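Enquirer: You'll find input_19.cif just under this line, and it carries mmCIF, C-alpha atoms and all ligand atoms.
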data_structure
#
loop_
_atom_site.group_PDB
_atom_site.id
_atom_site.type_symbol
_atom_site.label_atom_id
_atom_site.label_comp_id
_atom_site.auth_asym_id
_atom_site.auth_seq_id
_atom_site.Cartn_x
_atom_site.Cartn_y
_atom_site.Cartn_z
ATOM 1 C CA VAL Q 1 -78.824 8.088 35.752
ATOM 2 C CA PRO Q 2 -77.447 5.504 33.274
ATOM 3 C CA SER Q 3 -74.220 6.363 31.465
ATOM 4 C CA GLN Q 4 -74.484 7.806 27.972
ATOM 5 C CA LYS Q 5 -70.698 7.875 27.533
ATOM 6 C CA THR Q 6 -69.629 6.707 24.072
ATOM 7 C CA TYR Q 7 -67.334 3.691 24.167
ATOM 8 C CA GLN Q 8 -66.302 1.813 21.021
ATOM 9 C CA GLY Q 9 -64.476 -0.866 22.996
ATOM 10 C CA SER Q 10 -62.682 -3.993 21.845
ATOM 11 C CA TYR Q 11 -65.065 -4.579 18.986
ATOM 12 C CA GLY Q 12 -64.930 -1.027 17.620
ATOM 13 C CA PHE Q 13 -68.652 -0.513 18.228
ATOM 14 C CA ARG Q 14 -70.250 2.432 16.454
ATOM 15 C CA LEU Q 15 -73.789 3.229 15.288
ATOM 16 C CA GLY Q 16 -75.091 3.898 11.811
ATOM 17 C CA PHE Q 17 -78.332 4.820 10.113
ATOM 18 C CA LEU Q 18 -79.847 4.575 6.627
ATOM 19 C CA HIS Q 19 -79.241 7.661 4.458
ATOM 20 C CA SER Q 20 -82.991 8.145 4.089
ATOM 21 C CA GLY Q 21 -83.397 11.809 3.190
ATOM 22 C CA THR Q 22 -86.272 13.978 4.379
ATOM 23 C CA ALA Q 23 -89.149 13.382 1.920
ATOM 24 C CA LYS Q 24 -92.720 13.602 3.249
ATOM 25 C CA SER Q 25 -93.080 9.841 3.080
ATOM 26 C CA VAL Q 26 -90.045 9.042 5.253
ATOM 27 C CA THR Q 27 -90.814 6.917 8.303
ATOM 28 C CA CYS Q 28 -87.427 7.350 9.921
ATOM 29 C CA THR Q 29 -84.611 9.768 9.105
ATOM 30 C CA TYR Q 30 -81.322 10.499 10.825
ATOM 31 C CA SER Q 31 -79.576 13.853 11.047
ATOM 32 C CA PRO Q 32 -75.769 13.413 11.170
ATOM 33 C CA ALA Q 33 -75.385 17.100 12.070
ATOM 34 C CA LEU Q 34 -77.594 16.832 15.149
ATOM 35 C CA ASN Q 35 -76.852 13.180 15.876
ATOM 36 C CA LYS Q 36 -80.581 12.876 16.073
ATOM 37 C CA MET Q 37 -83.223 10.537 14.694
ATOM 38 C CA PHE Q 38 -86.691 11.724 13.640
ATOM 39 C CA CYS Q 39 -89.281 8.972 13.405
ATOM 40 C CA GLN Q 40 -92.981 8.150 13.381
ATOM 41 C CA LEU Q 41 -94.792 6.458 16.269
ATOM 42 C CA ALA Q 42 -94.827 2.646 15.975
ATOM 43 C CA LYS Q 43 -93.120 2.721 12.578
ATOM 44 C CA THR Q 44 -89.949 0.777 11.758
ATOM 45 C CA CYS Q 45 -86.692 2.439 12.837
ATOM 46 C CA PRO Q 46 -83.527 0.859 11.410
ATOM 47 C CA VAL Q 47 -80.557 1.309 13.728
ATOM 48 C CA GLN Q 48 -77.346 -0.187 12.370
ATOM 49 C CA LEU Q 49 -74.591 -1.772 14.448
ATOM 50 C CA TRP Q 50 -71.052 -1.377 13.104
ATOM 51 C CA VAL Q 51 -68.113 -3.392 14.465
ATOM 52 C CA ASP Q 52 -64.389 -3.729 13.589
ATOM 53 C CA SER Q 53 -64.557 -7.322 14.849
ATOM 54 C CA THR Q 54 -67.416 -9.753 15.526
ATOM 55 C CA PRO Q 55 -68.400 -10.042 19.211
ATOM 56 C CA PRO Q 56 -68.487 -13.581 20.774
ATOM 57 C CA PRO Q 57 -71.572 -15.820 20.713
ATOM 58 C CA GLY Q 58 -74.197 -14.771 23.230
ATOM 59 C CA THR Q 59 -73.673 -11.043 22.774
ATOM 60 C CA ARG Q 60 -76.721 -8.904 23.421
ATOM 61 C CA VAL Q 61 -77.717 -5.400 22.331
ATOM 62 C CA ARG Q 62 -79.672 -3.200 24.747
ATOM 63 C CA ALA Q 63 -81.579 0.037 24.072
ATOM 64 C CA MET Q 64 -82.768 2.501 26.709
ATOM 65 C CA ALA Q 65 -84.189 6.021 26.615
ATOM 66 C CA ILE Q 66 -83.217 8.746 29.070
ATOM 67 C CA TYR Q 67 -84.167 12.444 29.120
ATOM 68 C CA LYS Q 68 -81.541 14.665 27.498
ATOM 69 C CA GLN Q 69 -81.945 17.666 29.792
ATOM 70 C CA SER Q 70 -80.137 17.433 33.110
ATOM 71 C CA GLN Q 71 -83.232 18.516 35.067
ATOM 72 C CA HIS Q 72 -85.210 15.503 33.836
ATOM 73 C CA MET Q 73 -82.386 13.014 33.632
ATOM 74 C CA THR Q 74 -83.472 11.150 36.777
ATOM 75 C CA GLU Q 75 -87.070 10.842 35.606
ATOM 76 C CA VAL Q 76 -87.810 7.479 34.016
ATOM 77 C CA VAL Q 77 -88.793 7.702 30.351
ATOM 78 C CA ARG Q 78 -92.146 5.984 29.906
ATOM 79 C CA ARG Q 79 -95.276 6.078 27.748
ATOM 80 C CA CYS Q 80 -98.084 8.541 28.408
ATOM 81 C CA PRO Q 81 -101.255 7.297 30.165
ATOM 82 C CA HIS Q 82 -103.200 7.367 26.892
ATOM 83 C CA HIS Q 83 -100.713 5.213 25.011
ATOM 84 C CA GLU Q 84 -99.874 2.880 27.901
ATOM 85 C CA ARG Q 85 -103.616 2.168 28.011
ATOM 86 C CA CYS Q 86 -103.909 1.837 24.215
ATOM 87 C CA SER Q 87 -104.749 -1.565 22.742
ATOM 88 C CA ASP Q 88 -101.468 -1.904 20.841
ATOM 89 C CA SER Q 89 -99.879 -4.796 22.774
ATOM 90 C CA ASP Q 90 -97.759 -7.355 20.917
ATOM 91 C CA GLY Q 91 -97.869 -9.693 23.904
ATOM 92 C CA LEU Q 92 -94.177 -9.217 24.592
ATOM 93 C CA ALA Q 93 -93.570 -5.557 25.363
ATOM 94 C CA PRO Q 94 -94.876 -4.126 28.628
ATOM 95 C CA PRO Q 95 -97.463 -1.404 27.908
ATOM 96 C CA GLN Q 96 -95.356 1.222 29.710
ATOM 97 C CA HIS Q 97 -92.241 0.740 27.559
ATOM 98 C CA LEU Q 98 -91.452 3.410 24.972
ATOM 99 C CA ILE Q 99 -89.090 1.315 22.867
ATOM 100 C CA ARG Q 100 -89.986 -2.009 21.271
ATOM 101 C CA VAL Q 101 -88.053 -4.185 18.861
ATOM 102 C CA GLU Q 102 -90.017 -5.377 15.848
ATOM 103 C CA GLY Q 103 -89.488 -8.637 13.975
ATOM 104 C CA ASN Q 104 -87.447 -10.476 16.623
ATOM 105 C CA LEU Q 105 -88.981 -13.350 18.582
ATOM 106 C CA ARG Q 106 -86.021 -13.373 20.979
ATOM 107 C CA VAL Q 107 -86.664 -9.838 22.240
ATOM 108 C CA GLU Q 108 -86.360 -9.374 26.011
ATOM 109 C CA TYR Q 109 -87.829 -6.575 28.122
ATOM 110 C CA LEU Q 110 -86.525 -5.395 31.489
ATOM 111 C CA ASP Q 111 -87.940 -3.277 34.268
ATOM 112 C CA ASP Q 112 -84.842 -2.607 36.360
ATOM 113 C CA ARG Q 113 -85.473 -3.875 39.893
ATOM 114 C CA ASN Q 114 -83.643 -0.895 41.414
ATOM 115 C CA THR Q 115 -83.584 2.059 38.978
ATOM 116 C CA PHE Q 116 -87.032 1.291 37.536
ATOM 117 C CA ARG Q 117 -85.694 2.045 34.049
ATOM 118 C CA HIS Q 118 -87.095 0.281 31.004
ATOM 119 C CA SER Q 119 -84.920 -1.322 28.372
ATOM 120 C CA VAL Q 120 -85.209 -3.787 25.497
ATOM 121 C CA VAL Q 121 -82.529 -6.283 24.504
ATOM 122 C CA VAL Q 122 -82.016 -8.608 21.532
ATOM 123 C CA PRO Q 123 -79.367 -11.169 20.616
ATOM 124 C CA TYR Q 124 -76.606 -9.667 18.550
ATOM 125 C CA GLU Q 125 -76.442 -11.396 15.192
ATOM 126 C CA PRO Q 126 -73.675 -10.948 12.587
ATOM 127 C CA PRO Q 127 -74.272 -8.682 9.548
ATOM 128 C CA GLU Q 128 -76.829 -10.000 7.059
ATOM 129 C CA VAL Q 129 -76.080 -10.622 3.391
ATOM 130 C CA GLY Q 130 -75.720 -7.372 1.465
ATOM 131 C CA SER Q 131 -74.748 -5.317 4.510
ATOM 132 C CA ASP Q 132 -71.559 -4.497 6.412
ATOM 133 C CA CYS Q 133 -73.659 -4.034 9.537
ATOM 134 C CA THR Q 134 -76.372 -5.533 11.716
ATOM 135 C CA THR Q 135 -79.756 -3.832 11.665
ATOM 136 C CA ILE Q 136 -82.259 -3.718 14.493
ATOM 137 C CA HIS Q 137 -85.780 -2.449 13.872
ATOM 138 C CA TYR Q 138 -86.955 -0.317 16.761
ATOM 139 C CA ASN Q 139 -90.433 1.176 17.229
ATOM 140 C CA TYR Q 140 -91.113 4.170 19.460
ATOM 141 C CA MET Q 141 -94.602 3.907 20.907
ATOM 142 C CA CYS Q 142 -95.212 7.487 22.038
ATOM 143 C CA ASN Q 143 -94.860 10.877 20.377
ATOM 144 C CA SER Q 144 -92.382 13.368 21.818
ATOM 145 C CA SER Q 145 -95.323 15.776 22.100
ATOM 146 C CA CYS Q 146 -97.456 13.342 24.110
ATOM 147 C CA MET Q 147 -99.271 14.723 27.118
ATOM 148 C CA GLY Q 148 -98.602 12.860 30.347
ATOM 149 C CA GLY Q 149 -95.493 11.413 28.744
ATOM 150 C CA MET Q 150 -92.392 13.016 27.270
ATOM 151 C CA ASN Q 151 -94.301 16.294 26.799
ATOM 152 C CA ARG Q 152 -91.910 17.587 24.113
ATOM 153 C CA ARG Q 153 -88.849 16.915 26.297
ATOM 154 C CA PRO Q 154 -85.993 15.550 24.166
ATOM 155 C CA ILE Q 155 -84.670 12.068 24.890
ATOM 156 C CA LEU Q 156 -81.592 10.079 23.996
ATOM 157 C CA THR Q 157 -81.542 6.425 23.090
ATOM 158 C CA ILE Q 158 -78.536 4.644 24.576
ATOM 159 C CA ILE Q 159 -77.433 1.513 22.766
ATOM 160 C CA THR Q 160 -75.170 -0.815 24.698
ATOM 161 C CA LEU Q 161 -73.338 -3.873 23.472
ATOM 162 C CA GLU Q 162 -72.973 -6.439 26.310
ATOM 163 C CA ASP Q 163 -71.758 -10.033 26.530
ATOM 164 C CA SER Q 164 -73.874 -12.980 27.693
ATOM 165 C CA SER Q 165 -72.763 -12.472 31.288
ATOM 166 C CA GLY Q 166 -73.638 -8.783 31.480
ATOM 167 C CA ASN Q 167 -70.242 -7.173 30.873
ATOM 168 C CA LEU Q 168 -70.215 -3.853 28.979
ATOM 169 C CA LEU Q 169 -68.617 -4.192 25.533
ATOM 170 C CA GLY Q 170 -69.543 -0.898 23.914
ATOM 171 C CA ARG Q 171 -71.875 2.078 24.090
ATOM 172 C CA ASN Q 172 -73.285 4.785 21.844
ATOM 173 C CA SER Q 173 -76.241 7.161 21.832
ATOM 174 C CA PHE Q 174 -78.380 9.328 19.572
ATOM 175 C CA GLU Q 175 -81.156 11.862 20.156
ATOM 176 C CA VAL Q 176 -84.734 10.976 19.155
ATOM 177 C CA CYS Q 177 -87.828 12.917 18.244
ATOM 178 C CA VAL Q 178 -90.933 10.818 17.695
ATOM 179 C CA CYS Q 179 -93.183 12.933 15.488
ATOM 180 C CA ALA Q 180 -95.783 13.020 12.708
ATOM 181 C CA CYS Q 181 -93.520 14.456 9.990
ATOM 182 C CA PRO Q 182 -89.898 13.310 10.536
ATOM 183 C CA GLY Q 183 -88.578 14.801 7.275
ATOM 184 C CA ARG Q 184 -89.899 18.283 7.917
ATOM 185 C CA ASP Q 185 -88.842 18.304 11.556
ATOM 186 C CA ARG Q 186 -85.332 17.238 10.573
ATOM 187 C CA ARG Q 187 -85.020 20.045 7.999
ATOM 188 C CA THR Q 188 -86.220 22.599 10.564
ATOM 189 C CA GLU Q 189 -83.961 21.552 13.435
ATOM 190 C CA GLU Q 190 -80.992 21.681 11.047
ATOM 191 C CA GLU Q 191 -82.103 25.029 9.635
ATOM 192 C CA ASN Q 192 -81.266 26.648 12.959
HETATM 193 ZN ZN ZN N 201 -98.213 8.828 24.181
#
The structure given in the file should be rewritten as structure tokens.

Expert:
Amino acid sequence: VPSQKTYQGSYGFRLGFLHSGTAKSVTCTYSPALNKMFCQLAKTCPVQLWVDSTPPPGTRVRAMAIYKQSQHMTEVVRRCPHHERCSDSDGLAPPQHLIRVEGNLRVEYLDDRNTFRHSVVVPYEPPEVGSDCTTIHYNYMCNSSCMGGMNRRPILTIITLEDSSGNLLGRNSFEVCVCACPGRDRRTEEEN
């Protein structure tokens, strides 16, 4: 099981999210109280990277999903049969991978040779104009409810900052629910 231990590191690495609210039309919304993102399948999911100092050239940013519950933590998070056989390929992402990155031609996908885990990595770039952070647009390609997949089992997304040689620079994580109505689901899970 990959580490989900938070680690800000030398560069003061922390995660952020748009303050999107919970309207019916929201694609992606983050709950600070739950540390949990609610998002629609295949829709854009802004995840912000915040640093106290800019990492060196050649830095990469990796994302991986693992199951939250200890009794599923060794099971590899992957797309359901129905979705992995869907005709939604972009030509880059393997069909079995839950998490894609949209709008980045330098995206890299990895099936771990030993753990069999899936992950997706992009070059870290410095903050764009108008932002104090760097935004990556993720897409989750399976619903949490999906049969033969997650089957309503909650997952975390682990975001690691690593240098060009593989060394760990930083790590954070947030819970995800991929669902039809993110705004409503967020309100409900906070209502408890
Ligand atoms: Zn699915």

Enquirer: What are the nearest atom pairs, with distances in Å to one decimal, for all residues of chain Q that come at most 8 Å from ligand ZN 201 (chain N), using only C-alpha atoms and all ligand atoms, set out by chain and rising residue number as a Markdown table?

Expert:
| residue | atom | partner | partner_atom | distance |
| --- | --- | --- | --- | --- |
| Q:79 | CA | N:ZN201 | ZN | 5.4 |
| Q:80 | CA | N:ZN201 | ZN | 4.2 |
| Q:81 | CA | N:ZN201 | ZN | 6.9 |
| Q:82 | CA | N:ZN201 | ZN | 5.9 |
| Q:83 | CA | N:ZN201 | ZN | 4.5 |
| Q:84 | CA | N:ZN201 | ZN | 7.2 |
| Q:141 | CA | N:ZN201 | ZN | 6.9 |
| Q:142 | CA | N:ZN201 | ZN | 3.9 |
| Q:143 | CA | N:ZN201 | ZN | 5.5 |
| Q:144 | CA | N:ZN201 | ZN | 7.8 |
| Q:145 | CA | N:ZN201 | ZN | 7.8 |
| Q:146 | CA | N:ZN201 | ZN | 4.6 |
| Q:147 | CA | N:ZN201 | ZN | 6.7 |
| Q:148 | CA | N:ZN201 | ZN | 7.4 |
| Q:149 | CA | N:ZN201 | ZN | 5.9 |
| Q:150 | CA | N:ZN201 | ZN | 7.8 |

Enquirer: For the selection you just gave me, I'd like the residues written to a file as a PDB file, in the frame of the given file, keeping C-alpha atoms.

Expert:
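Okay, out.pdb is ready:
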ATOM      1  CA  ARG Q  79     -95.276   6.078  27.748  1.00  0.00           C
ATOM      2  CA  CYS Q  80     -98.084   8.541  28.408  1.00  0.00           C
ATOM      3  CA  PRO Q  81    -101.255   7.297  30.165  1.00  0.00           C
ATOM      4  CA  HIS Q  82    -103.200   7.367  26.892  1.00  0.00           C
ATOM      5  CA  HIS Q  83    -100.713   5.213  25.011  1.00  0.00           C
ATOM      6  CA  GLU Q  84     -99.874   2.880  27.901  1.00  0.00           C
ATOM      7  CA  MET Q 141     -94.602   3.907  20.907  1.00  0.00           C
ATOM      8  CA  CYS Q 142     -95.212   7.487  22.038  1.00  0.00           C
ATOM      9  CA  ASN Q 143     -94.860  10.877  20.377  1.00  0.00           C
ATOM     10  CA  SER Q 144     -92.382  13.368  21.818  1.00  0.00           C
ATOM     11  CA  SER Q 145     -95.323  15.776  22.100  1.00  0.00           C
ATOM     12  CA  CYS Q 146     -97.456  13.342  24.110  1.00  0.00           C
ATOM     13  CA  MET Q 147     -99.271  14.723  27.118  1.00  0.00           C
ATOM     14  CA  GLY Q 148     -98.602  12.860  30.347  1.00  0.00           C
ATOM     15  CA  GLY Q 149     -95.493  11.413  28.744  1.00  0.00           C
ATOM     16  CA  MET Q 150     -92.392  13.016  27.270  1.00  0.00           C
TER      17      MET Q 150
END

Enquirer: So, with only C-alpha atoms as the atoms that count, which of Q:49, Q:23, Q:107, Q:98 lies closest to residue 128 (chain Q)?

Expert: Q:49

Enquirer: Given only C-alpha atoms as the basis, pick out the residue of Q:121, Q:41, Q:127, Q:62 nearest to residue 88 (chain Q).

Expert: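 Among Q:121, Q:41, Q:127, Q:62, it is Q:41 that comes nearest to residue 88 (chain Q).
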
Enquirer: Which one is closest to residue 66 (chain Q): Q:191, Q:112, Q:185, Q:175? Count all atoms listed in the file.

Expert: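 That would be Q:175, the residue with the smallest distance to residue 66 (chain Q).
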
Enquirer: Which residue, Q:179, Q:45, Q:155, Q:161, has the smallest gap to residue 68 (chain Q) when you use all atoms listed in the file?

Expert: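 With all atoms listed in the file as the atom set, the closest residue is Q:155.
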
Enquirer: Report as a ChimeraX atom specification all protein, DNA and RNA residues lying within 8 Å of region 50-58 of chain Q, evaluated on all atoms listed in the file, omitting residues in the same chain fewer than 5 positions from it.

Expert: /Q:10-16,123-124,126,132-134,163-164

Enquirer: From the set Q:180, Q:154, Q:71, Q:131, which residue has the shortest atom-to-atom contact distance to residue 36 (chain Q), counting only C-alpha atoms?

Expert: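 Looking at the shortest contact to residue 36 (chain Q), the residue is Q:154.
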
Enquirer: Would you translate the PyMOL selection byres (((chain Q and resi 182) around 12) and not hetatm) into the concrete set of residues it matches in this file, as a compact mmCIF listing (two decimals) with C-alpha atoms, in the coordinates of the input?

Expert:
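In the end it all went to part14.txt:
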# COMPACT_ATOMS: atom_id res chain seq x y z
CA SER Q 20 -82.99 8.14 4.09
CA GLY Q 21 -83.40 11.81 3.19
CA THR Q 22 -86.27 13.98 4.38
CA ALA Q 23 -89.15 13.38 1.92
CA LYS Q 24 -92.72 13.60 3.25
CA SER Q 25 -93.08 9.84 3.08
CA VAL Q 26 -90.04 9.04 5.25
CA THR Q 27 -90.81 6.92 8.30
CA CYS Q 28 -87.43 7.35 9.92
CA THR Q 29 -84.61 9.77 9.10
CA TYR Q 30 -81.32 10.50 10.82
CA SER Q 31 -79.58 13.85 11.05
CA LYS Q 36 -80.58 12.88 16.07
CA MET Q 37 -83.22 10.54 14.69
CA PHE Q 38 -86.69 11.72 13.64
CA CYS Q 39 -89.28 8.97 13.40
CA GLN Q 40 -92.98 8.15 13.38
CA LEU Q 41 -94.79 6.46 16.27
CA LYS Q 43 -93.12 2.72 12.58
CA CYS Q 45 -86.69 2.44 12.84
CA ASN Q 143 -94.86 10.88 20.38
CA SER Q 144 -92.38 13.37 21.82
CA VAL Q 176 -84.73 10.98 19.16
CA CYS Q 177 -87.83 12.92 18.24
CA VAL Q 178 -90.93 10.82 17.70
CA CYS Q 179 -93.18 12.93 15.49
CA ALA Q 180 -95.78 13.02 12.71
CA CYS Q 181 -93.52 14.46 9.99
CA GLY Q 183 -88.58 14.80 7.28
CA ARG Q 184 -89.90 18.28 7.92
CA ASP Q 185 -88.84 18.30 11.56
CA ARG Q 186 -85.33 17.24 10.57
CA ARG Q 187 -85.02 20.05 8.00
CA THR Q 188 -86.22 22.60 10.56
CA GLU Q 189 -83.96 21.55 13.44

Enquirer: Determine the nearest neighbour of residue 47 (chain Q) from the options Q:63, Q:7, Q:116, Q:74, counting only C-alpha atoms.

Expert: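 Smallest separation from residue 47 (chain Q) among the options: Q:63.
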
Enquirer: What do you get, as a count of residues only, if you spell out every residue that the PyMOL selection byres (((chain Q and resi 77) around 7) and not hetatm) selects here?

Expert: 6

Enquirer: Could you expand the PyMOL selection byres (((chain Q and resi 108) around 12) and not hetatm) into the explicit residues it covers here, written as a list in words?

Expert: residues 60, 61, 62, 63, 91, 92, 93, 94, 97, 99, 100, 101, 102, 104, 105, 106, 107, 109, 110, 111, 118, 119, 120, 121, 122 and 123 of chain Q

Enquirer: Grab all the atoms of region 17-35 of chain Q that the file lists, wrap them in a box along x, y and z, add 3 Å per side, and give me centre plus edge lengths in Å (one decimal) as lines of an AutoDock Vina configuration file.

Expert:
center_x = -84.2
center_y = 10.8
center_z = 8.9
size_x = 23.7
size_y = 18.5
size_z = 20.0

Enquirer: For a quick check of your reading of the model, name the residues lying within 7 Å of the coordinate (-64.8, -1.8, 26.6), counting all atoms listed in the file, and write them as a VMD selection string.

Expert: chain Q and resid 7 to 10 168 to 170

Enquirer: For CA of residue 95 (chain Q) and CA of residue 46 (chain Q), quote the distance in Å rounded to one decimal.

Expert: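 Separation of CA of residue 95 (chain Q) and CA of residue 46 (chain Q): 21.7 Å.
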
Enquirer: CA of residue 117 (chain Q) to CA of residue 69 (chain Q): how many Å, to one decimal?

Expert: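 Interatomic distance, CA of residue 117 (chain Q) to CA of residue 69 (chain Q): 16.6 Å.
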